[PDB]
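Engineer: sharing an experimental structure here, sequence included.
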Amino acid sequence: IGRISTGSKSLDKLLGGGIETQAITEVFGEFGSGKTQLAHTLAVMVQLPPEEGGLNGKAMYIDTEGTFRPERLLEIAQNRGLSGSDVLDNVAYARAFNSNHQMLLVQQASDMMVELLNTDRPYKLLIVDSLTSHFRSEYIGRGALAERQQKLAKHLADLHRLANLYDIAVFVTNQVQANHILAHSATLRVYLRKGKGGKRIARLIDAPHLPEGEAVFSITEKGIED
Ligand SMILES: [Cl-]
Ligand SMILES: [Cl-]
């Protein structure tokens, strides 16, 4: 029973070994709290052998706001003693321009995953960065709200089905600001915040069975570290 290491030993302990397959892990926080950095690191980590904290897997990265950085991936990979070429090849990138496209990409994801399912290097990670931004900007005023929840609930149900069918970890980011409220399902929720300079603090939010707590981690050349 394998898990995906975050690159941080303290964060992994908080998560029971790392982020799980057949589950939706959400990281939520303000802008600059390291949600995208954690997503980039996991996209590299998944490719690693189990002994190095990975699952010899492929990753898919759905980018809704234009935050994906292939150069950052090359940097993380090189700093972890890996081929930069192979890392970029093993991260399937999809730029989502609206909520409809974002939802459709979850079927496209299914198609590419069923094909690699029984192979040596299957998909093991799906990143949605960020899960709710398109739902927040598109459904304007009352009268758009019932449909906004209907669409979001359907999108999360598609992600859950995908995680269970293909034994993949679904890692999602969500910008929750101190000052819109988009209720949705997640297996695990983690609150992220700054942070003593480059230090980030992670807190488990109503995690079932896992003991309550916090983990401190850094944003380095290696992505995420203790
Ligand atoms: Cl393959
Ligand atoms: Cl909603």
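Structural biologist: That came in fine, so what should we check first? Residues are numbered from 1 along each chain as shown. Ligands and ions are numbered 1, 2, ... in the order given.
Engineer: distance-wise, check residue 52 relative to residue 172.
Structural biologist: 24 Å (CB to CB, to the nearest Å). C-beta coordinates here come from the backbone N, C-alpha and C atoms, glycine included.
Engineer: with residue 106 instead?
Structural biologist: For residue 106, the distance to residue 172 (CB to CB) stands at 11 Å.
Engineer: go on, residue 2?
Structural biologist: Look at residue 2 and residue 172: by CB to CB, they are 20 Å apart.
Engineer: same drill for those two, tell me which one is more crowded.
Structural biologist: Using other CB atoms under 10 Å as the criterion, residue 2 and residue 172 rank with residue 172 on top: 24 against 17.
Engineer: tell me the secondary structure for the more buried one?
Structural biologist: Assigned with DSSP: H, G, I helix; E, B strand; the rest coil, residue 172 falls in the strand class.
Engineer: who is it paired with across the strands?
Structural biologist: Counting by DSSP bridges, residue 172 forms beta bridges with residue 26, residue 128.
Engineer: touching, it and residue 133? I think so.
Structural biologist: No. Assessed by CB atoms under 8 Å, residue 172 is found out of contact with residue 133, at 11.3 Å.
Engineer: residue in the protein nearest to ligand 2?
Structural biologist: residue 149 (3.8 Å; CB to the ion).
Engineer: alongside ligand 1, which residues does the chain contribute?
Structural biologist: 116, 119, 121 (CB under 5 Å from the ion).
Engineer: how much space separates the nearest residue to the first one once chain neighbours are set aside from residue 32?
Structural biologist: So that's residue 116. Leaving aside its chain neighbours, residue 116 sits nearest to residue 122 (4.4 Å; criterion: CB to CB, 6 or more residues apart in numbering). Between residue 122 and residue 32 the distance is 34 Å, computed by CB to CB.
Engineer: same check on residue 201?
Structural biologist: For residue 201, the distance to residue 32 equals 13 Å [CB to CB].
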